[PDB]
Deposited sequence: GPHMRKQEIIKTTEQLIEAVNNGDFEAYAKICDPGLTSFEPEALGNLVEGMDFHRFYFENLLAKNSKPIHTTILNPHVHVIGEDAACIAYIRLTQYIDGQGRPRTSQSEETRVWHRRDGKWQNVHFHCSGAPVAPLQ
């Protein structure tokens, strides 16, 4: 019951890093061999941090994590699946909501939880 809460908290930290444009914080939470399926990769599996770096190197936003399901797989491995609702204000000053479905696979390496795989479907945030 307490291992599940670790995964949710670390996921929330990862998303805060993305929303703040803090690549330093993002890199600490992601394994360097992070694989990724996401809309902006056009159906390809991408390997690096290099692909994500681009969106960091180049407005109010509220993220909601809905119905998080955590699978614990022994002491060093966990999987989380959740819906990410993103409220933001667009360029024209209008409020907008986007939805994405996200799977994150976690591996505990030297005491910290590390994101090794990410699958995103729906809206790119």
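Q: From the N-terminus onward, what segments of the deposited sequence lack any C-alpha atom in this model?
A: Absent from the structure are positions 1-2, 61-66, 134-137.
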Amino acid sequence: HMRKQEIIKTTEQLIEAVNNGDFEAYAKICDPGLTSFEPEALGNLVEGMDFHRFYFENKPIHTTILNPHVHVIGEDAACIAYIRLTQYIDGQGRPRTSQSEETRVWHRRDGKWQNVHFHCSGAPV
From here on, numbers count along this sequence of modelled residues.
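Q: Look up the CA B-factors in the entry and say which stretch, 97-105 or 110-118, has the higher mean.
A: Higher mean C-alpha B-factor in the PDB entry: 110-118.
Q: Is the mean CA B factor in the deposited entry higher across 84-92 or across 69-77?
A: It is 69-77 that shows the higher mean C-alpha B-factor.
Q: Sorting the chain's modelled residues by C-alpha B-factor, tell me whether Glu57 ends up in the lowest, middle or highest third.
A: Answer is highest: the recorded C-alpha B-factor places it there.
Q: For the chain shown, is the CA B-factor of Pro39 in the lowest, middle or highest third of its modelled residues?
A: Within its chain, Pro39 is a lowest-third residue by C-alpha B-factor, going by the deposited values.
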